[PDB]
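> Below: the sequence, then the experimentally determined structure.
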Amino acid sequence: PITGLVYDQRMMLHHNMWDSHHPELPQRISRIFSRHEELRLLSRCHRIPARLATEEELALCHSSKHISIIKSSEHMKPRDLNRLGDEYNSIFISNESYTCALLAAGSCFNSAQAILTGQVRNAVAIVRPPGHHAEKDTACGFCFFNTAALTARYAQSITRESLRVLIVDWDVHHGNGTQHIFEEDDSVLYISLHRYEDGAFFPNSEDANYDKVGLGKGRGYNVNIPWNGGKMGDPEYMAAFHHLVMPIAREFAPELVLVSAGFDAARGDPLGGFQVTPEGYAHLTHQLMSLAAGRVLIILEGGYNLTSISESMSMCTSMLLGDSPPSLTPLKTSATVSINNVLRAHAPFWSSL
Ligand SMILES: O=C(CCCCC[SeH])Nc1ccccc1
Ligand SMILES: [K+]
Ligand SMILES: [K+]
Ligand SMILES: [Zn+2]
């Protein structure tokens, strides 16, 4: 068994020139990488090369219009970069942004290809900027192209149209773009746990509520697990995996598992307010590894506490490498309510619930 790892310093070039302390920092990926070195996890992995996604690969999920406007920013003046960035919800743009978003998608394509052709069994991708908020026609929430959605489609392009792909999004924010891209799709199962607060939490839409189960052929194939009422942690996430995520994934029988692995639900995160521990992310990784013959790709998304996200993603890689999971309580009342609301809403589609 070989675990793959992809990381390219060039993805650090994406930067906010008006606010050097914006939390989507270049140092997010370099701090994670260094800790993988310090923990001797990088030497245990097979290094997968990064590459630029092609426009034809970007068109798998994104419209020509959206690609060409993000593309045009590569040659923009700072005034135009500021104006363009302000046109979106929570976006900053620099001249290198487009390039880095291409590298983040291509790095994951290469990783999914390594998994699917048997070169590695599983893989971890330390990439930025994130993508789960990116729609087919819009950039949003620090995301430009939806790296996880593109990798699902890329994976099917190099295998077959009907490849079954499970995207688990344990980023603290709802992946609105991933849900929308696959909302009418029964070949890609989307499962998102996320702080909701009746829509008061970013991305601030009721599309994230438990009653959004998909559309058309895709009904049943979108599972939203929204949290209400303050800090959640390991017990809430483990119970959601026990009653929901893992029963549904087993009935779905994914052939490939992609993890939209934001770490902004970890303690110390200012954009999450949760307390999921590094040991908890290790158990979520371990449980997902029981699916799809272990074919798991962990794609970095959010996560803004440099220490918490380096510790957390290190724990996940260690689980992929096969290390014994570490030792790891009553749920808050609203978490019980959230879980049973998802349970009742998806009972029609998943008989094992
Ligand atoms: O939280 C965000 C964006 C964070 C997205 C997580 C990307 Se994974 N933006 C905001 C907008 C208005 C007021 C307060 C915050
Ligand atoms: K999520
Ligand atoms: K779906
Ligand atoms: Zn997030």
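In hand now; what should we look at? Numbering: from 1, shown residues only. Ligands and ions are numbered 1, 2, ... in the order given.
> Is there any residue in the top helix by length along the chain that contacts ligand 1?
If you go by DSSP state H, the chain has its longest helix at helix 97-116. No: using C-beta under 6 Å from any ligand atom, helix 97-116 never reaches ligand 1; the gap is at least 12.9 Å. No exception for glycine: its C-beta is placed from N, CA and C like everyone else's.
> strand partners of the helix or strand following that helix, parallel vs antiparallel please.
Under the assignment DSSP states H and E, the closest C-terminal helix or strand after helix 97-116 is strand 122-125. Strand partners for strand 122-125, identified by DSSP bridges, are recorded as strand 3-6 (parallel), strand 296-300 (parallel).
> from the ones you listed, which stretch is densest packed?
By mean neighbour count, with neighbours taken as mean count of other C-beta atoms under 10 Å, strand 296-300 ranks first of the strands paired with strand 122-125 at a mean of 29.
> Name the SS class of residue 12, please.
helix (DSSP: H, G, I helix; E, B strand; the rest coil).
> what sits against it?
Residues near residue 12 by C-beta atoms under 8 Å, 6 or more residues apart in numbering: 26, 27, 29, 30, 100, 128.
> Check those residues and tell me the two furthest apart.
Spatially, the most separated pair among the contacts of residue 12 is 27 and 100, at 13.9 Å (C-beta to C-beta).
> Tell me which of these two has more neighbours.
For residue 27 versus residue 100, the count of surrounding residues by other C-beta atoms under 10 Å is larger for residue 100: 24 against 12.
> roughly how far apart are the residue nearest to the more buried one when sequence neighbours are not counted and residue 333?
Of all residues not flanking residue 100 in the chain, residue 14 sits nearest, at 4.0 Å (C-beta to C-beta, 6 or more residues apart in numbering). According to C-beta to C-beta, to the nearest Å, residue 14 stands 41 Å off from residue 333.
> Those two: which is more packed in?
Taking other C-beta under 10 Å, residue 14 and residue 333 do not tie; residue 14 has more neighbours (26 against 10).
> Surely residue 39 touches residue 314?
Yes: with contacts counted by C-beta atoms under 8 Å, residue 39 reaches residue 314, the gap being 5.5 Å.
> Those two: who's more crowded?
residue 314 (20 against 16).
> Compute the inter-axis angle for the strand or helix carrying the more buried one and strand 296-300.
Assigned by DSSP H and E, residue 314 falls within helix 306-320. Angle of helix 306-320 versus strand 296-300, following axes from the mean of the first three to the mean of the last three C-alpha atoms, to 10 degrees, is 170 degrees.
> going forward can the numbers begin at 96, since that is how I track them
With the count now opening at 96, the last piece we talked about shows up as helix 401-415.
> Of all residues in this structure, which one is nearest the centre?
Centroid check for the chain by C-alpha atoms, centre = their mean gives residue 355 as the closest residue, at 1.5 Å.
> Would you mind confirming that that one is in contact with residue 268?
No: with contact defined as C-beta under 8 Å, residue 355 does not count as touching residue 268 (9.7 Å).
> can you list residues touching both of the two?
Shared contacts of residue 355 and residue 268 (C-beta under 8 Å, 6+ apart): residue 227.
> Enumerate the residues of this structure near ligand 1.
By C-beta under 6 Å from any ligand atom, the residues of the chain that approach ligand 1 are 185, 225, 228, 236, 237, 266, 268, 297, 357, 366, 396, 397.
> Give the full set of residues in contact with the closest residue to the fourth one other than its chain neighbours.
The spatially closest residue to residue 236, leaving aside those adjacent along the chain, is residue 228, at 3.4 Å (C-beta to C-beta, 6+ apart). Applying C-beta under 8 Å, 6+ apart, we find residue 228 in contact with 235, 236, 237, 238, 241, 268, 270, 271, 272, 298.
> Then residue 189?
Residues near residue 189 by C-beta under 8 Å, 6+ apart: 108, 109, 110, 111, 112, 176.
> can you confirm it is in a helix?
No: Residue 189 is assigned coil when assessed by three-state DSSP, not a helix.
> Okay, the residue nearest to residue 236 and residue 242: tell me how far apart.
In terms of C-beta to C-beta, residue 228 sits 11 Å off from residue 242.
> Would you map the helices across the protein?
For the chain, helices defined by DSSP H occupy the ranges 122-133, 150-153, 159-167, 173-181, 192-211, 242-252, 271-276, 329-335, 341-347, 373-383, 401-415, 428-441.
> before we move on, back to that, closest to ligand 4 among the contacts of residue 228?
Set against ligand 4, the nearest of those by C-beta to the ion is residue 268 (3.6 Å).
> is it true that the closest one touches residue 226?
No: using C-beta under 8 Å, residue 268 makes no contact with residue 226, being 12.0 Å away.
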